[PDB]
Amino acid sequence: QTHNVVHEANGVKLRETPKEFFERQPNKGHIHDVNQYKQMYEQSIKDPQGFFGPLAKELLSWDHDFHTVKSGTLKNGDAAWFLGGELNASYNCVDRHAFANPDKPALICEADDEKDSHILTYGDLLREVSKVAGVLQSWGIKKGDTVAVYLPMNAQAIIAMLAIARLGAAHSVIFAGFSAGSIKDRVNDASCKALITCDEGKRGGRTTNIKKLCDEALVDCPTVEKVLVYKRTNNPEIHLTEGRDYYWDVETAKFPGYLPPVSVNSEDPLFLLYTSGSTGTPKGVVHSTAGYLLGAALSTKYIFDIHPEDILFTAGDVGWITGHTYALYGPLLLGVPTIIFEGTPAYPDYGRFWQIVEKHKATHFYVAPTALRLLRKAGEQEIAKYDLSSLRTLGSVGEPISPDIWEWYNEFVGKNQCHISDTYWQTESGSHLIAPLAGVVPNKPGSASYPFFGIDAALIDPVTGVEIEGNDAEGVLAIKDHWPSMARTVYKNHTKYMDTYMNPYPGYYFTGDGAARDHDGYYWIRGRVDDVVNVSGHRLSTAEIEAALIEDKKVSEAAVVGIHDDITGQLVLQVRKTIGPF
């Protein structure tokens, strides 16, 4: 019972799901109890074909059937799922819900300033996506092209991603905080034919330089033929380069409210997302179409317990994977509304999150612990002014959640009435790897709990490289077989992909994290083993900041390390200009 290795586990009482969770859920839970979950998990590991085939058919709409559920091995880095099938991401995210119920809300958009907020129905979303896709189609964008998006977290970002997917092209989303150099790097690696951006952004009430950073970068991006610019502020003084830049409203007005979607293969790339890595310049993680979408829908449904009546508020940015999977694809695939928040938790005050939750009766809230630390320090008193009784599932993402914050999250936001899901995963996994299912798995504060369907977690001894049998163990966290939403390569550098994930421990997937497993099987994430730092949920490379500093001629040598920080979890102008303010 007492753990000599897993010190986190000693004397920690299991936390059962509160009664209010089950009272508030609109329908019967998808899994009755933890024992049914283990039966389903055991099948998803021993019999992936008989487990994932039927779910793929239930949760996704197929234009062509698949003939093989699963192919490939980690060691050969040739994993593939639902081979021979064809589908379209935007059809599954928009069309089929629009045909069923066109007036159902899809994008609940909360602007930096609430006066500018608006809601798009699934019918509205189909017309806007079709028109932007029509613009891209007129420009020669076609299956196989890549299109960059440089937009803040608002409706137009979702529409751009979905419009690119409609044509069979792959979107490459670039966080609005990146510098012109970071834009240049990503656009050139992917050889994007087109870019979608806006004139300016609004964050915390302050104007943001968007188009200007694009122009500075594009002088070195010869592959970009055309740019679509949305008028977020409609500032007249913002310059558009003639013959290359065109206005969103002007061009979409030229095209009809329906455009047929384009079928792609299960294993055609849905998108590229450039993550910072221990070695080298940022690398474009590639995700397939079928496997990624299934992983997104499946995890959204089962870990968060999402039903059609529910509303999900993921306080993330599509510049990162959390927005991709659980702000856009996960919820829309399931046909529920998703809340897209452009602003910050502090503007106009530290009750903004709670105003939104009360306003739209959100049932699920998904945020990074860094925000919880901020609200604990500055905004605790406002929580009580807003009605949060609509929530039943509260999620944590992107970094460890200390047991103290877990309790703060549970009581002050959850009112000790909600289920807390500490979701462990990474950009390369596509979706959740270890997380406690809402309404099924009791919680240990700070523990990611059991691994998800199709995730065969294991601990390896770093020095011997041998998998660690038995519980009460510590080691590098690895997976013993690939899973549907696993990233398939790094764009045009599959060798980097193999050397990073598959080759260090042959037969395994290397998460880059160390973890611990206790006698109950709960996993405790102990953090990166490599030189990758996590600052406020943002993944950074110590090499990239060291490179930015050395770029300055005055610098002889540079060395970067990470330390504990109570607000953010973990020459200055040179690093801001090389990488980004964050």
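Throughout, we count residues from 1 along the sequence that is shown.
Unmodelled deposited residues between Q570 and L571: 10 or more, per the record. Between 487-495 and 463-471, it is 463-471 that carries the larger average Cα temperature factor according to the deposited entry.
In this crystal structure, the stretch out of 215-223 and 76-84 whose C-alpha atoms carry the higher mean B factor is 215-223. Across the options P451, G280, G243, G323, the residue with the most elevated CA B-factor in the record is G280. Each of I405, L433, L167, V94 has a CA temperature factor in the record; the biggest one is found at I405. In the deposited entry, the Cα temperature factor of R526 sits in the middle third of values across the chain's modelled residues. Per the deposited record, the Cα B-factor of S266 falls in the lowest third when ranked against the other modelled residues of its chain. Remark: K385 belongs to the highest third of its chain, ranked by C-alpha B-factor as recorded. Ranked by Cα temperature factor within the chain, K184 sits in the middle third according to the deposited record. When the modelled residues of the chain are ordered by their C-alpha B factor, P54 lands in the lowest third.
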